[PDB]
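Lettering of chains follows the sequences in order, A, B, ..., and the numbering in each one begins at 1.
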Amino acid sequence: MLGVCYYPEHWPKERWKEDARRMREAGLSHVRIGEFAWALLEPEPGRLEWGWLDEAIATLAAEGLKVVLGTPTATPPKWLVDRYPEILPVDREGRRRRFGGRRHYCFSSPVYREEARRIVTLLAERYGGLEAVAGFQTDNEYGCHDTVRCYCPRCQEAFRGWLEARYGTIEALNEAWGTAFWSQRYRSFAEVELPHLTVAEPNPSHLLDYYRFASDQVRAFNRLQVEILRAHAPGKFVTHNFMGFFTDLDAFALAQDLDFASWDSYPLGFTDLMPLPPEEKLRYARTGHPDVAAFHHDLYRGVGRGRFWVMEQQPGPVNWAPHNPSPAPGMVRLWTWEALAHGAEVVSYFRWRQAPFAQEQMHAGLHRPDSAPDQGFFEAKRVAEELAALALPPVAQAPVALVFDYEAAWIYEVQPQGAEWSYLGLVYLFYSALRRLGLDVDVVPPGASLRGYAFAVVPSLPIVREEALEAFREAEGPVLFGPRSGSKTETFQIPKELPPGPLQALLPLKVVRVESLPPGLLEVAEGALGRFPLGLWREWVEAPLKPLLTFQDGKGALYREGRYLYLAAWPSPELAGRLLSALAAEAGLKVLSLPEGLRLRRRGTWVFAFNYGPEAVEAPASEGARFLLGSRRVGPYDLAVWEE
Amino acid sequence: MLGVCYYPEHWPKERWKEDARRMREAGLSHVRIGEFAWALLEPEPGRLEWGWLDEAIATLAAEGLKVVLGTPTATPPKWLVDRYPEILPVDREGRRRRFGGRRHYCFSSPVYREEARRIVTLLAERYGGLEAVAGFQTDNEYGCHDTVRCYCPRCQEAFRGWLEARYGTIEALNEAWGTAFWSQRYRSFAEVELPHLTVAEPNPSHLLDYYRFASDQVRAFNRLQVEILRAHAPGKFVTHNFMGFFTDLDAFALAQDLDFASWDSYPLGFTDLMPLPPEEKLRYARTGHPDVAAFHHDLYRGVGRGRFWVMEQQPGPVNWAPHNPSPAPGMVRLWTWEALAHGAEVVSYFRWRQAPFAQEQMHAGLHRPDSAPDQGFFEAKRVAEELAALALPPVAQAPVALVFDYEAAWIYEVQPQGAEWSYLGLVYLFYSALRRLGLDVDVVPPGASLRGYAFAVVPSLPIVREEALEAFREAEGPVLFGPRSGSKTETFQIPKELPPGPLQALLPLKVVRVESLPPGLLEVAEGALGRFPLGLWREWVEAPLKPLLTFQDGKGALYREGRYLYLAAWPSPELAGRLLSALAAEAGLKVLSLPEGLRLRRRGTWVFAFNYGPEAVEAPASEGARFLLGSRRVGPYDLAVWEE
Amino acid sequence: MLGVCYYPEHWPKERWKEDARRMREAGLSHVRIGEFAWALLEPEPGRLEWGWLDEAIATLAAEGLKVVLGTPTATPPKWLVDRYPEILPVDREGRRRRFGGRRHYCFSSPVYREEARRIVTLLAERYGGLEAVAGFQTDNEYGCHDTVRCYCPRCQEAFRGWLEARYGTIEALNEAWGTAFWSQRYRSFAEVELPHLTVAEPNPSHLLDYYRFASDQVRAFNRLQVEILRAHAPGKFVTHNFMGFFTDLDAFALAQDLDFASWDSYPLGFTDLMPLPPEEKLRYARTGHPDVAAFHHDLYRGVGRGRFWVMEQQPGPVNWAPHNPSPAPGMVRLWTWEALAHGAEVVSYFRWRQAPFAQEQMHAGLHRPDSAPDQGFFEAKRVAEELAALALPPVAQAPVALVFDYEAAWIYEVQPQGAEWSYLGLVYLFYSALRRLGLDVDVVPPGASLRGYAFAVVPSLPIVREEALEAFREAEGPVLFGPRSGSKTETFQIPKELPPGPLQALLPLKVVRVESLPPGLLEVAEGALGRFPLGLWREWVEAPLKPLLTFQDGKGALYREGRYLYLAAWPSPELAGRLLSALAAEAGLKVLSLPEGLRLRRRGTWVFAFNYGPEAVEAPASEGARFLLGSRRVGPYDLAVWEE
Ligand SMILES: [Cl-]
Ligand SMILES: [Cl-]
Ligand SMILES: [Cl-]
Ligand SMILES: [Zn+2]
Ligand SMILES: [Zn+2]
Ligand SMILES: [Zn+2]
């Protein structure tokens, strides 16, 4: 099913009936509207104007389209901000932000909680029972523009409440944070302030708790809306649109309150911002890195407990990256089929028609400002026609699981210890290694059962709780733990047993020292797997175990005991691929050495091949395979689907 | 005529008579004084001390020198700032600036408007009728140190007044800005705030109007002083000293209130700050890039409706750039003759003697702190001697016009869409291309008649108003429009007809998509003109016209219909030169392939050749030409003048 | 003697007796404690809890260990900061800092002066007479985290008092600063504000006086504590722990109030932050640059009038640099012996045991968090065993003196004039040149007698006072003055005679112009010494003297008259080495061309050779020399000591 993000409030009413008709003719089934309409619904305080929205919904419904209503809390009206200045957030520099863009609100503001409650309840009671409305999207991209973390007075007071609920007594907090250090000791929760503008660095336990708190406030703000929708819009789904490479908000946790997860994919924008090698930045400028959308489809399929949508799909050039190229011919179709291959229930394009005014006037849509269909329209229509004849098999469990953790992202953000240490970079490195072997991946959270997986990869899990340890113990296949795993306690302290902490119940080894190294300083770690120059991060392991890979000084780089492996250094792409390939072979899994721009994803017994270019490549299909779409020779920016 | 910037208030009175005598002996005719003397004229509130200034003026006049008085508003006294804290400006970060340097005032402050009125009226009534006074310079470099744009309370309230005057009703503003977007809708002008510290980016229409407003406030502040000088100093000229590569202030607009334009040239400082290729940065470190002063002489000759002065000319190393080399031997003389060749009525050196104290103690003068003549003195004296025997022919209209627009600079500053898009960079690229062909250039504003020009180049003109379109329609020669021309309406919206908007009445083509590309991503555009690898910016053109240059995907890069051409991509220096050369040939204009460091400028039937080094070159003079200065063999940092 | 920094307040009391025993067994003699214990000594306002500290001291004393007590003013308790918000400092951006880290106090706060007085007096009266207490360390690293300079209201008012004391009258200040410039004239000291947030740059005289003031406030704050310790802890030494590459605080001046100087050495951290060439950054990542610790030992031996301690010595990886490698095997021992060779009376390791909580949990100690001895422990124990059998000869005067000045650092910080001009960089360049010649160095302040030195090097001394000139006149050997020496008067003005100002009484030459050049712009200066491509900084010298080195344009780069030499350009390492070698030969001093990683330091008739690696090298020992430690073949990260 395909959909689109539409803004009836940006166009003359006379255009609505035409737009709705064309959406149906294009083969679309869902249309999202309303997330930025508060100022149009309540232009004057207390005076609601539902007329135009009632009409827009009716117009779309008349064409048989299903409506997805976004609650309008991402952009409060100026009259509301003027009435309650406390709604405006404060940045890390201590400056109050201003109206003019979007997301200008604090998640801790009690006033905004009530205003959100009011408008969402009104929206839910009015449209919650309409057959035309399929569900809702709460707010819009919580946290975008660095808005999860606010440092205003409301947040400072709420943080104290959060801390008291978490620790019970200030004594427990002092012990947890180790406040004897630098005389940080607090006499009460009232003495604790937000961790910013400190002289020297803030306490890591202090900063991590603040990040946990900030994420929790977003979840609380969201929960309020979910409860309203459950009570006044029974039977209608509730989702939220998450972002690419964004970790300030714990999506796994927030999604527990949603029916499914949704996310917004803009491959070209993410890619331009990625620190790719010189050659790749040019090669993938108009296609996106081969794993950028896929990683997130897998992540969000996991965040949604198996169910997810791509609420926003890039259909042409965007406006927000340093460089905004046009997707190459066929890439919109490719990204769409890729989303579907990874399990997306719906792929919705942002947006129907390019706006000729305001901030995003340079953001392309399926149609140009003059309403003429743009390149993305034809590609989307083609997919609609192809999908109509290609009902898809169900998504099966992947052979490999990758354990992702938002808390881990926070810990490494707080304590990198090495300037080049990157949590997302480490996760992506392992992900790409698996993808280049032609393996499908399921991204799961700590504690999720690993039953059924050939093997699992844990890029890094600093805090290992009982639930996670339990899942690892019950794993039927090997589990590879990346560097710094089990290196921190729940309170951001070094475990008494030293890293890898709880994991020592599985692996008899201890990390007695760690090193972060300047770029360029490499040392070969060698063994049966091969020779690998490694750098960036290195750990000294004390263990009776014979390392599988050894550095030139005799120190081990990789260890294994039973089904558990531990990597004591930052992996190179080469090491990641060879190690993962060896684990695959051991597990009886077949692998393929896919060329740089080719990627595969299965759906039942079907296999999808996506070629990110720039030249044609052959799909590694079995002999006699039956092609459902495309051919064995896959042209650039094209794809093939076959019965394997 | 040569002049100098002098500060009698920095030296013992006993030195004044000597300085005046030496200025006359050097061959100088004009002396500028007083722009930073408020604290010396009014050391105590309400207590004026004209004594020393009366004497300084009398001393200079006794030597037959003409005095140019600068109004002292660039640097208000500390007692005044202490009395009225509102005078101090507020930066984009929301911080109030402080006294200690210069230009610490807000252009919107009603209090400062009155204080400026008071001191300027006093100055005008006292010296406005003196024969020794030739004219005035208002303030000093409006906008320097990022002072055009202030974000204080006074500016926020004045902006609202400006908006109401511009739009009439808030309804008109909401439509112009497209405030339905992100619920930005305003109920009144009172709800509109300045466009800074917003979450996400501010509305482009909002930011552009703020930039227009800021520039307008400077013009208003200046107009007040001009009116005072017209009323109390009748017959005395009024000018202002503009800066290099500065666009925050619309000089074309402000100069409408001046008798002529003046500007301050510091080639080495501008050059060190320019992103020149590795080789050029070293080659021109002590000479300045060959086109840096020339571009501004042409620009300001246009800003001044044909009349301009170089109020400040670099005579040695300066203090403000990251690197401050000494001008190579002969460069002060070269820059001076170049200014004169481009039409400068007067070239005034900053400054007479290097100050031994304060912020600019490392800024050289014609004399060292110990009063001994410095290298610049001898070079200036030589020019005085040479000019005395070389009365100059009148400046003639150039063969090529380059249309420059300050509003365009603001639009691209607001919406670059590509990190490397640079308005000044694009303008300079075209300018240098013309200069390397040996062609003289007239820089003109939109709407200025193009009658008489062989052809015209419009680097980029986003908003094309009726007056500009009229001028293009009446052009007698071809007009080349650069990328993004006609891409915006007066309210910063995409034209209904799409870019190039109004220009579609001249060229039957539409820009349906634009791309900004990462550095290094190049694609060849080829045709009769040649093969050109292009990047940075690319536009997709929909048109029945056969492109003159085509990319590898078949998309056109250059189009033409009648006398109008449209470039749909960022030009390379190579493309700019070949295209401009072809236009010159078509127009019957002779061109020359000048070597890297040689430049030409005509004055009547005379031709000036300037060699920026590092080695000697031959002047492309006709056979039998009569040399007025120098010889056919032009040494580095030297020049030649001949009757062509 | 070896010591350690210990934090009994971070560990269970049951561990104290064990720690003390192990410190004795390791061979340690001194233990520093208490500098961050205020919150533990006074958890509740007015309620002191000395119990635990009394016990910790008694426990250490029982093992025969000497205690060094740090006054606890570096980290005031939260209840105190809450009571007096004025204690918190304000940054250059005008923002009030917050509690959470350390050093969150203003040196001008009258309230904090009294609170410091109170707690230090209590500490001194209670422990000042104990036999177990050897001395005190005042506060902890004054200025760390950019805390010397504060811009709060208290500092603005104190600065005015400082100015009135310095100038007497505002008239004198106006003349000294040259306030006629840009109308900066002040009517009274009350009109003077701090030099920050100005529009354009602040007056250099103004900024320099502020920096002098800031340093003076630290000295005043410290003096208060010294007086208390002299009165209540008679016979106990008082020192302070200075930092590497830190110049905001004039250590020479502050140390006048101390019994000896101490400093904190972290070679790997300093080195990672240094702009070393690509190759060296990798080669010395785990060793530190060969001259980084040595330069500071020599500097602080001078700051301490011949006496100094290394209060904190890196024993493993740290937590605060972008990259934190582990010291290579043997480097802790090497750094320790190097400190001793340079005269350190005591080398104290930071810290005894790695903390498992808070900000520095990744900072290694002699023991891991689980109390197991770490690599540094064994290396420290080895040195203790070796030193026990190697009583050291006395430190003798070095053959070469290097004149260092904190005021010079401030002047160049205020007025770099060239982006690459670096005072510490220039000093280090000369230092390394001397070190690579195998010469020992004494770092002395301006005014210190140069009697006995073969020759002296003055990297740069902008202000040359009578005392300094006197010392130069009485020098028995040549004195080399670096560029910009004598270029400023005490009030930051250009001398009437022009640079080198007072030095013209020694050298008949004048600097008539200076140039700062872009990186890469080089020009050869040649003569008998050789050919040297030079850049960065170049001065034009007017003199009757024949230069020893001449540039391609005939301008001199190096001059000499009698025993005084003047370098008119930024030196290359090659020039520094050849010039210094020539001076050594002339003085009858033998030199050696030491390979990159080898360094020598004498102690009496003994010579120490330190090999920073990565490969073995031979110690340049005389034939038949008797080795006290090691052998002629010095392995990497190892050393040798012999009777030369
Ligand atoms: Cl739309
Ligand atoms: Cl002057
Ligand atoms: Cl400890
Ligand atoms: Zn908040
Ligand atoms: Zn203002
Ligand atoms: Zn302060």
With only heavy atoms counted, which part of A:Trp182 is less than 4.5 Å from chain C, the side chain, the backbone, both or neither? both
The single option from A:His206, A:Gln184, A:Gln415 that satisfies side chain to side chain donor-acceptor pair (under 3.5 Å) with C:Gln359 is A:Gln184
Go through the atoms of C:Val318 and report whether side chain, backbone, both or neither lie under 4.5 Å from a heavy atom of chain A. backbone
Rounded to the nearest 0.5 Å, what separation is found between the NZ atom of A:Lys555 and the OG atom of C:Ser326? 7.5 Å
In plain terms, say whether C:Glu9 and A:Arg185 are close enough for a salt bridge, that is, a side-chain N and a carboxylate O under 4.0 Å apart. no
Would you mind reporting whether A:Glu191 and C:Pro77 have side-chain heavy atoms less than 4.5 Å apart? no
Using 0.5 Å steps for rounding, measure from the CZ atom of C:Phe357 to the CZ atom of A:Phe492. 14.5 Å
In terms of heavy-atom proximity below 4.5 Å to chain C, should A:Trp540 be classed as side chain, backbone, both, or neither? side chain
Walk me through whether A:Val199 and C:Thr147 qualify under side-chain contact (heavy atoms from CB on, under 4.5 Å). CA-CA 8 Å; A:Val199 180; C:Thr147 52; 3.6 Å; yes
Checking A:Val414 against chain C: side chain, backbone, both or neither under 4.5 Å from a heavy atom? neither
Gap between atom CH2 of C:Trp79 and atom OG of A:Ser188 - 0.5 Å precision: 14.0 Å
Below 4.5 Å from any heavy atom of chain C, which atoms of A:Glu542 appear? Answer side chain, backbone, both or neither. side chain
Let me know if A:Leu522 has heavy atoms under 4.5 Å from chain C in its side chain, its backbone, both or neither. neither
Are C:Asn324 and A:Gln417 close enough that some pair of their side-chain heavy atoms sits under 4.5 Å apart? yes
Donor + acceptor pair across side chains of C:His323, A:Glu420 (<3.5 Å): yes
What distance separates A:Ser516 OG from C:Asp272 CG, expressed to the nearest 0.5 Å? 7.5 Å
Checking A:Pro195 against chain C: side chain, backbone, both or neither under 4.5 Å from a heavy atom? neither
Okay, C:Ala355 and chain A: the region with an atom under 4.5 Å from a heavy atom over there is backbone
Looking only at C:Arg102, C:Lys78, C:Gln354, C:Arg368, most heavy-atom pairs under 4.5 Å shared with chain A are made by C:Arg102
Residues 273-286 of chain C: residues contacting chain A (heavy atom under 4.5 Å, by number): C:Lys281, C:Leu282, C:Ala285, C:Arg286
Going by ring pair (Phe, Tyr, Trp, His ring centres under 6.0 Å), name the residues that satisfy it together with C:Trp52, two or more places apart in sequence or in a different chain. none
Chain C heavy atoms under 4.5 Å from A:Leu498: which part of the residue, side chain, backbone, both or neither? side chain
Portion of A:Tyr186 that has a non-hydrogen atom of chain C nearer than 4.5 angstrom: side chain
Between C:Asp370 and A:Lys496, is there a side-chain heavy-atom distance shorter than 4.5 Å? no
To the closest 0.5 Å, what do you measure between OG1 (A:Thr198) and NE2 (C:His104)? 10.0 Å
Does A:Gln493 reach the side chain of C:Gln361, with side-chain heavy atoms less than 4.5 Å apart? no
Residue part contacting chain C, namely of A:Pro495, when any heavy atom lies under 4.5 Å: neither
C:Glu93 versus A:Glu93: any side-chain heavy-atom pair under 4.5 Å? no
